[PDB]
Amino acid sequence: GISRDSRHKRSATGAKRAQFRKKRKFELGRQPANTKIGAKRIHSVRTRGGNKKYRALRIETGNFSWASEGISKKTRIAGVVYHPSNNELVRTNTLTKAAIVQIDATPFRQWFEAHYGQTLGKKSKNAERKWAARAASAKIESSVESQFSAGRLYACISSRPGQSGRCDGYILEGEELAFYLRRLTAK
Amino acid sequence: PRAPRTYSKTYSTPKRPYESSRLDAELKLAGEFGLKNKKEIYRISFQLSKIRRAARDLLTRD
Amino acid sequence: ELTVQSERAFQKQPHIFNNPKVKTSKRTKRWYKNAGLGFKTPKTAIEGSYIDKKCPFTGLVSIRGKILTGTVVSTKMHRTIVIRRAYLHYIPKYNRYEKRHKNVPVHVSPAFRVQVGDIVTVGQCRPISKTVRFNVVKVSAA
Amino acid sequence: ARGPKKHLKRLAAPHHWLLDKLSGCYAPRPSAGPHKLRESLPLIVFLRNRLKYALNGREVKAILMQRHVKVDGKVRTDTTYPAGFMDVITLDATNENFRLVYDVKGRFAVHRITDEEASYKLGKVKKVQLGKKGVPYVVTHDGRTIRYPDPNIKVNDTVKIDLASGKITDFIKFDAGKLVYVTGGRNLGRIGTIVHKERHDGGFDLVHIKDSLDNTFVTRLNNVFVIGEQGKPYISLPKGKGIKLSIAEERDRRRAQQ
RNA sequence: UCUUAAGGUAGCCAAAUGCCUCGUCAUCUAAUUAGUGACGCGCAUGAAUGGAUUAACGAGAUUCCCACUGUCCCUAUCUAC
RNA sequence: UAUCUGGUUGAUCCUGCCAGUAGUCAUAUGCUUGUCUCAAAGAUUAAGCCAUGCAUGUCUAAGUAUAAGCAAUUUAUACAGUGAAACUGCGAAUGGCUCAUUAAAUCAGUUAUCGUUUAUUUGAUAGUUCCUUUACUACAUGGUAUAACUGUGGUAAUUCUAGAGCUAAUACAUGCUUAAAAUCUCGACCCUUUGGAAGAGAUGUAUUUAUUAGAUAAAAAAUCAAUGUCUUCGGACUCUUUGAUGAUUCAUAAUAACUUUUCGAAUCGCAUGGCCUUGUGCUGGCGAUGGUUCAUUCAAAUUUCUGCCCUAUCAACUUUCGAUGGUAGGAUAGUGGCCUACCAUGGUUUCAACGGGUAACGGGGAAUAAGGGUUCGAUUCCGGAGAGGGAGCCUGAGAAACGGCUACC
RNA sequence: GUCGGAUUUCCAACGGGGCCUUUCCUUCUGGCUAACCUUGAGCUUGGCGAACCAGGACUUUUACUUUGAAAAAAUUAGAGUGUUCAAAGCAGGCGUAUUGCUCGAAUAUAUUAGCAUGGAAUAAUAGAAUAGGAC
RNA sequence: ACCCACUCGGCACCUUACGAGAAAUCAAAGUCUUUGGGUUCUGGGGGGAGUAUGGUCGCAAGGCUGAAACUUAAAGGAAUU
RNA sequence: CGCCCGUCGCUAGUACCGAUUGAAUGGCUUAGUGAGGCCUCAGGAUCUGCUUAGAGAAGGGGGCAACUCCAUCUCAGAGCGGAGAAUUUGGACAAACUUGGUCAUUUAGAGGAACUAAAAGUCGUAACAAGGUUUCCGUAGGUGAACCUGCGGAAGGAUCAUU
RNA sequence: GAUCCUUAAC
């Protein structure tokens with residue numbers, strides 16, 4: 001039943017405004033999703049002019065995309081590891097935009113193995129020609145190799161689970177990934 | 001709801017109420033033109049003053 | 001200023017990610033737009049490392065409506081400053097004027113180096129903050 | 001106010017309708033239609049005060065139901081259908097071909113057109129765009145849209161519709177030296193013959209127009225309506241041809257033909 | 001004017017000073033010989049036999065209130081000696 | 001319609017007020033009071049409370065009928081005319097009343113949404129609903145309860161009603177119902193490198209992620225790891241573009257994934273010309289509806305600029321612990337301290353901030369008639385607001401609704 | 001001067017519009033070619049492009065004043081009107097009076113302020129001074 | 001140090017009225033109905049009343065700010081005999 | 001033989017102060033309580049769409065007498081189930097009641113002290129003339145009362161005047 | 001140097 005009008009707030013100088021209107025419909029807000037992990041459940045809430053809103057709550061499996069490939073796969077998420085506004089959100093494992101999370105991303109692991117086949121650690125002519133065409137690009141760098149070998153990928157959720165019920169996201173690649181890993185290890 | 005119906009007054013009374021010269025002039029005019037009350041002379045004076053105001057606001061320009 | 005990433009979050013222009021896979025000249029890419037109406041983006045804003053998601057040139061805001069101008073009166077609060085619009089209110093009873101003024105708070109991008117006693121021009125835009133509704137588009141001082 | 005206003009009273013209706021204050025404490029509210037609430041003419045006042053073809057609102061609604069009055073070739077069984085500028089009304093009985101065109105006094109007055117002009121129509125293209133499936137289309141002043149337009153046509157041009165299909169019969173480009181019709185304001189009901197214009201980026205471009213009497217005034221872009229080239233208009237004009245006669249002449253005209 | 005010289009001025013008061021007297025009025029209470037504020041022909045107030053007031057202080061005297069309670073309704077039980 | 005006179009003195013000239021004078025979309029009261037138009041009329045005090053009666057319901061040829069209601073087939077054999085009732089649909093958020101709160105609030109003018117809905121209306125917009133994809137599909141088309149009526153029931157009592165019997169689904173879950181051009185992944189080999197093909201699936205928008213495109217201004221040569229189009233192969237390369245305003249991460253198409261699937265007659269009234277291998281076959285128009293929507297009106301929210309009465313016996317105010325700004329997030333139809341977390345200390349003010357008063361709703365307006373001005377404007381129009389006081393909410397596109405509910409007083 | 005009416009092969013002041021005596025009155029790309037060097041016999045093949053229009057910009061400031069949309073409709077002055085004058089309110093009039101025809105319902109303040117627009121007189125700000133000053 | 005003249009700046013004096021004013025009078029109290037050089041302060045009939053209250057300064061006396069209820073037709077200025 | 005001042009006498013009216021740790025109403029506000037609607041972790045009355053064996057074994061087959069699938073006149077037995085009224089953890093909007101006060105008003109109050117206005121009151125004459133001590137101002141003291149006196153000031157003085 | 005006062009205005 002919260003409100004979103006400015007008529008309840010103090011003036012820029014500090015003048016206390018009087019009560020001129022009762023709370024109105026267009027200035028309503030409603031309680032946050034605080035979506036969690038486990039046993040997906042989606043609630044549909046009817047808003048101004050129909051416009052059904054899907055409130056994520058305990059959503060488990062989302063969709064996540066690679067940056068350089070434009071390639072997205074559905075995958076489960078292990079749970080949030082950082083959130084830029086709060087640490088209590090990190091602790092209670094809620095999903096919000098611009099939060100970095102760990103994902104198993106074995107869909108991406110098998111995807112890379114089936115696409116290029118360069119193993120970590122330590123046959124058909126069509127596939128040989130395909131690899132010859134798309135070769136000389138699997139020596140990008142070492143951080144992505146280490147992340148893939150560990151098997152827990154750092155992906156930032158960028159959608160709003162409290163509107164569309166989708167913890168859709170993009171993996172961290174390059175500058176943002178370096179920033180967040182430095183942040184988590186900075187102690 | 002309804003549109004108001006516009007009315008207006010037709011006579012403006014003289015500011016000085018009792019002076020011999022004006023009182024006798026209006027009385028003689030009414031009596032010799034066969035009028036019963038001063039409403040006629042007041043209303044025609046109001047109209048004549050309206051016309052003279054129009055003429056003044058007209059001739060004040062080139 | 002010294003550090004761009006002092007924030008907890010990663011400040012980046014939305015929907016702009018630069019592919020490191022290739023190695024091309026000027027590997028960093030930055031996005032900007034012409035606010036129009038004759039104002040030109042500073043050549044220092046051309047290569048600057050700031051983000052200012054509300055900037056009229058690099059951010060996502062757009063300028064439309066009223067173009068105002070005034071002298072900055074205080075510059076102690078971040079990415080935004082307030083100016084004095086000193087005008088004369090006419091009093092038809094006494095046929096004379098009187099000096100009134102309004103402090104309109106507006107937004108300054110890090111591209112411009114503003115100060116008190118400097119003259120700036122601002123443009124009406126989408127509500128940026130509780131009070132801010134303008135961004136500076138040009139500085140007339142030197 | 002908890003929802004749209006559905007009524008409309010006298011003293012609030014637009015001036016170009018000219019309703020007497022008495023004989024009704026409400027003013028026919030135009031419905032949702034093809035043209036704005038103000039700069040449009042509902043059929044009820046046209047048929048009760050502008051024509052006297054039906055002397056009462058019940059009668060007008062009856063004749064509007066029983067399919068004797070059709071607008072734009074379509075019957076439009078709406079008791080207060082808002083008929084817009086340069087719209088065509090075809091009354092099959094008695095062959096009454098009306099054009100809803102602004103007179104020189106700034107009102108909608110009866111205008112007689114023949115079969116050809118009651119058949120065809122003009123329109124100001126309001127915005128060129130491309131919609132679903134990448135189809136180019138344009139939206140005109142009546143809100144009517146047409147798809148697949150010639151890419152030559154741009155904003156603030158004229159398009160001619162044959163009334164058999166939404167396809168554009170002919171196009172009129174907006175450029176220097178073109179006869180224009182201005183609808184709105186104090187210039188309402190005038191022919192302008194645009195000559196030169198200025199941009200003034202930011203909004204509200206104004207254009208200088210000098211008519212066939214070499215009288216030159218200025219009006220905004222949304223107010224004018226380019227109707228044809230020099231000389232022959234692409235629609236017939238009601239008496240006057242949009243000239244704004246000097247106020248000093250109609251008294252002589254009335255004293256002659258009075 | 002008389003008596004012994006002057007005749008109680010500022011103040012203050014049923015005051016630790018008032019007989020009558022549990023004075024009269026107001027307030028506090030359900031109810032008040034109590035308290036406080038007023039009144040004052042004050043048995044018998046009163047100006048360094050100091051008058052009036054006064055913040056702070058007080059194991060000084062008095063009234064009301066909040067808190068608290070076996071003071072009481074109305075007693076009961078327990079420990080040591 | 002630029003007007004003054006009486007009163008201070010024994011008399012005078014003055015200041016000065018008192019009084020007189022005239023008018024009120026300013027009331028009231030008294031004396032009085034026949035009509036032609038003519039109309040204000042519980043406004044001040046009491047936005048106090050109400051006995052009683054009414055003010056929102058509604059349908060066509062065309063959403064659903066069997067009441068055992070009315071009437072008749074010389075034209076339908078299953079009604080097809082009204083149709084009381086009841087279920088669905090759209091309202092009832094319009095209108096009207098009052099002026100309580102309200103002093104940068106509202107409001108007037110001016111701006112903007114490049115920051116935000118689309119049934120209502122208008123024009124147009126799905127041969128991609130073959131979705132374990134060639135015997136799982138019936139496409140001249142599959143299902144589940146139920147309101148009148150039937151009853152032995154109710155009280156000072158409700159616009160109260162439950163279990164029994166079948167009825168209609170546009171009440172609600174389902175999916176096939178009318179081809180591709182072209183592209184990517186699957187998937188036999190010439191034994192080899194100028195390269196694949198039989199056949200399979202995928203390509204509409206409705207939500208989201210990530211990547212693209214969406215800049216032709218005058219200008220010349222050479223290896224590139226691999227010629228990009230097709231061949232005279234000293235490469236001609238032309239047609240490389242899809243577009244406006246001040247420009248956009250605009251519109252818009254494209255790439256890999258998205259849907260727990262949001263979608264595209266499983267409807268009603270009106271004709272029946274012709275093709276025949278004479279079949280409950282082959283065809284075909286006029287009217288409402290949701291659909292992806294695109295865009296136009298009816299709008300609503302937020303909104304830039306300026307402007308509001310009397311007060312200093314209100315001078316400093318603003319941070320419950322958001323006050324100013326920033327980052328990130330959530331919520332909203334949307335931007336935004338609208339709300340949360342973190343950071344710095346800011347923001348307004350003698351050009352009157354903050355506070356108090358308002359017998360203060362604002363404007364278009366009314367009254368003066370020299371000019372200038374003064375006072376009011378609840379109220380016939382517009383913009384707000386409220387339905388006894390705040391608070392909350394369902395439904396609905398649109399109510400914090402009161403002739404709608406949920407509580408307290 | 002022409003079958004109660006008025007045009008001018010000049011003497012008055014000029015709202016005004018141009019160029020000149022130091023008055024420098026502001027881009028490069030462009031146009032059917034501009035005041036056109038084209039002249040074939042006095043529709044005829046070659047001056048400096050923004051007098052109108054597209055991209056690079058130099059719009060440094062005001063106040064003021066003159067314009068042009070805008071403060072909605074009644075309400076204001078008012079055009080017109082045998083609502084008998086009328087206040088009002090928009091009518092109504094002309095006939096072939098059995099069929100028909102037609103003028104009408106405009107203009108100013110548009111209560112402050114923003115928007116483009118000619119001027120720049122009246123009061124400031126601004127320039128180049130131990131020259132990082134302009135070409 | 002005096003005398004004569006000139007000048008600047010002063011404290012001031014005589015006459016008319018150029019003017020002003022109700023007059024007394026005034027070289028300013030003039031250049032103000034032929035009304036505008038700049039600017040500050042104060043007043044709006046006589047009382048109640050410089051009172052009450054709230055502030056504020058003072059040791060106090062008091063100072064500064066400063067009402068209203070109510071009452072009244074005059075109170076006042078300058079001159080005439 | 002004019003006017004005129006103040007104190008004390010009588011009547012009325014007006015406001016002011018005032019014990020009552022006064023009262024009421026209205027904000028706004030620290031710490032508390034808190035209906036109800038709302039989102040939510042839980043909760044499960046109550047409604048069936050699909051398949052199965054253990055059945056007396058009908059009625060129909062190969063002998064016609066035992067040896068055998070079929071829908072079934074049934075029930076503690078397996079899931080995918082999907083709708084779900086009660087109730088209930090956490091959380092927000094948050095109506096109504098206390099304890100303190102910014103503060104805004106309205107109002108009761110024993111008494112006190114003023115002011116104003118009432119035909120001929122008393123006591124004295126303070127000012128108006130040099131008003132009989134010129135008057136006035138500020139300040140301080142005194143005093144039945146006007147008022148008197150000290151100090152400084154003013155002329156609005158009773159002097160525009162002593163080369 | 002006592003010469004203090006004058007039933008109430010018109």
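Naming: A, B, ... by sequence-line order, numbering from 1 per chain. Values reported hereafter were calculated over all heavy atoms of this structure, with side chains retained and with hydrogens, waters and symmetry mates removed.
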Please confirm whether the backbone N or O of [Y] pairs with a side-chain atom of [X], one donor and one acceptor, at under 3.5 Å?
X	Y	result
D:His111	D:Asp103	no
D:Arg67	D:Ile63	no
D:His16	D:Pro14	no
D:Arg10	D:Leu19	no
D:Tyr120	D:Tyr234	yes

### Task
Return yes if a side-chain donor-acceptor contact under 3.5 Å exists between D:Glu117 and D:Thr114, otherwise no.
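Side-chain D/A pair, D:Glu117 to D:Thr114: absent.
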### Message
Name the residue from D:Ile113, D:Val88, D:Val110 that meets the side-chain contact (heavy atoms from CB on, under 4.5 Å) definition with D:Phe98.
### Response
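It is D:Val110, the one option of D:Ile113, D:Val88, D:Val110 that forms the side-chain contact (heavy atoms from CB on, under 4.5 Å) with D:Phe98.
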### Message
Does A:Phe26 have more than 12 heavy atoms from other residues, nucleotides or ligands lying within 6.0 Å of its CZ?
### Response
yes
### Task
Inspect the surroundings of CD in D:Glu198 and state if more than 12 heavy atoms from other residues, nucleotides or ligands are less than 6.0 Å away.
yes
Listed partners of [X] passing side chain to side chain donor-acceptor pair (under 3.5 Å), at least two apart:
X	value
D:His35	none
D:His200	none
D:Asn49	none

### Non-neighbouring partners of D:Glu250 that pass salt bridge (charged side-chain N to carboxylate O under 4.0 Å, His left out), sequence neighbours left out
none
### Sequence-distant partners of D:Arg251, salt bridge (charged side-chain N to carboxylate O under 4.0 Å, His left out), two or more places apart
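Partners of D:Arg251 by the salt bridge (charged side-chain N to carboxylate O under 4.0 Å, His left out) criterion come out as none, since no residue qualifies.
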### Query
For residues 61-71 of chain C, which residue pairs qualify under side-chain hydrogen bond (donor to acceptor under 3.5 Å, both in side chains), counting only residues two or more places apart or in two chains?
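Only C:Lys33-C:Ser62 qualify under side-chain hydrogen bond (donor to acceptor under 3.5 Å, both in side chains).
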### Query
Pairs in or reaching into residues 145-167 of chain D: which pass side-chain hydrogen bond (donor to acceptor under 3.5 Å, both in side chains), with residues at least two apart or in two chains?
none
### Task
Determine, for D:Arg144 against D:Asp142, whether the closest basic-nitrogen to carboxylate-oxygen distance falls under 4.0 angstrom.
yes
N/O donor-acceptor pairs under 3.5 Å from side chains in residues 202-230 of chain D, not counting sequence neighbours:
{"residue": "D:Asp205", "atom": "OD2", "partner": "D:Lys197", "partner atom": "NZ", "Å": "3.4"}
{"residue": "D:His208", "atom": "ND1", "partner": "D:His196", "partner atom": "O", "Å": "3.4"}
{"residue": "D:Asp211", "atom": "OD1", "partner": "D:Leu213", "partner atom": "N", "Å": "3.1"}
{"residue": "D:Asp211", "atom": "OD1", "partner": "D:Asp214", "partner atom": "N", "Å": "3.1"}
{"residue": "D:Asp211", "atom": "OD1", "partner": "D:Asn215", "partner atom": "N", "Å": "2.8"}
{"residue": "D:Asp211", "atom": "OD2", "partner": "D:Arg190", "partner atom": "NH2", "Å": "2.6"}
{"residue": "D:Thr216", "atom": "OG1", "partner": "D:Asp214", "partner atom": "O", "Å": "3.4"}
{"residue": "D:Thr219", "atom": "OG1", "partner": "D:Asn187", "partner atom": "OD1", "Å": "3.1"}
{"residue": "D:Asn223", "atom": "OD1", "partner": "D:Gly184", "partner atom": "N", "Å": "3.4"}
{"residue": "D:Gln230", "atom": "OE1", "partner": "D:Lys178", "partner atom": "N", "Å": "3.1"}

Rounded to the nearest 0.5 Å, what separates atom [atom1] in [X] from atom [atom2] in [Y]?
X	Y	atom1	atom2	answer
D:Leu122	D:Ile168	CG	CD1	10.0 Å
D:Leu43	D:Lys61	CG	NZ	15.5 Å
C:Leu60	C:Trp31	CG	CH2	11.0 Å
D:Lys124	D:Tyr181	NZ	OH	13.0 Å

Considering all heavy atoms of both residues, which atom of [X] and which atom of [Y] are nearest to each other, and what is their separation?
X	Y	value
D:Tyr137	D:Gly131	CE2-N, 3.0 Å
D:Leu11	B:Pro4	CD1-CD, 3.8 Å
C:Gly123	C:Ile67	CA-CD1, 3.8 Å
C:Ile63	C:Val137	CG1-CG1, 4.5 Å
D:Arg107	D:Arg50	NE-NH2, 3.3 Å
D:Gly57	D:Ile44	CA-CD1, 3.9 Å

### Intermediate values then yes/no, side-chain contact (heavy atoms from CB on, under 4.5 Å), D:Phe174 and D:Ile194
CA-CA 9 Å; D:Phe174 192 96; D:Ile194 52 137; 3.7 Å; yes
Report, one line per pair, each donor and acceptor closer than 3.5 Å where one atom sits in a side chain of residues 95-109 of chain C; sequence neighbours left out.
{"residue": "C:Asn95", "atom": "OD1", "partner": "C:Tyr90", "partner atom": "OH", "Å": "3.0"}
{"residue": "C:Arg96", "atom": "NE", "partner": "C:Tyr94", "partner atom": "O", "Å": "3.1"}
{"residue": "C:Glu98", "atom": "OE2", "partner": "C:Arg100", "partner atom": "NE", "Å": "3.2"}
{"residue": "C:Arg100", "atom": "NE", "partner": "C:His89", "partner atom": "ND1", "Å": "3.4"}
{"residue": "C:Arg100", "atom": "NH2", "partner": "C:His89", "partner atom": "ND1", "Å": "3.2"}
{"residue": "C:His101", "atom": "ND1", "partner": "C:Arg84", "partner atom": "NH1", "Å": "3.1"}
{"residue": "C:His101", "atom": "NE2", "partner": "C:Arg84", "partner atom": "NH1", "Å": "3.3"}
{"residue": "C:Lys102", "atom": "NZ", "partner": "C:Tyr87", "partner atom": "OH", "Å": "2.8"}
{"residue": "C:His107", "atom": "ND1", "partner": "C:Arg79", "partner atom": "O", "Å": "2.8"}
{"residue": "C:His107", "atom": "NE2", "partner": "C:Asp52", "partner atom": "OD1", "Å": "2.9"}
{"residue": "C:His107", "atom": "NE2", "partner": "C:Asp52", "partner atom": "OD2", "Å": "3.2"}
{"residue": "C:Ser109", "atom": "OG", "partner": "C:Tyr50", "partner atom": "OH", "Å": "3.1"}
{"residue": "C:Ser109", "atom": "OG", "partner": "C:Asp52", "partner atom": "OD2", "Å": "3.0"}

### Query
Mind checking what makes side-chain contact (heavy atoms from CB on, under 4.5 Å) contact with C:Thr44, not counting sequence neighbours?
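Expected list: C:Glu47.
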Tell me which donor-acceptor pairs under 3.5 Å the side chains of residues 73-87 of chain D have, and how far apart each pair is, sequence neighbours excluded?
{"residue": "D:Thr80", "atom": "OG1", "partner": "D:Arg29", "partner atom": "O", "Å": "3.3"}
{"residue": "D:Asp87", "atom": "OD1", "partner": "D:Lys121", "partner atom": "NZ", "Å": "3.4"}
{"residue": "D:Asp87", "atom": "OD2", "partner": "D:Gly84", "partner atom": "N", "Å": "2.7"}

Please tabulate, for side-chain N and O atoms in residues 47-62 of chain B, each donor-acceptor pair with protein atoms closer than 3.5 Å (sequence neighbours left out).
{"residue": "B:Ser49", "atom": "OG", "partner": "B:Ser45", "partner atom": "O", "Å": "2.7"}
{"residue": "B:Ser49", "atom": "OG", "partner": "B:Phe46", "partner atom": "O", "Å": "2.6"}

### Task
With side-chain contact (heavy atoms from CB on, under 4.5 Å) as the test, would you mind laying out the steps for C:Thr58 and C:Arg30 before giving the verdict?
CA-CA 8 Å; C:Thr58 69; C:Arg30 151 169 308 241; 3.6 Å; yes
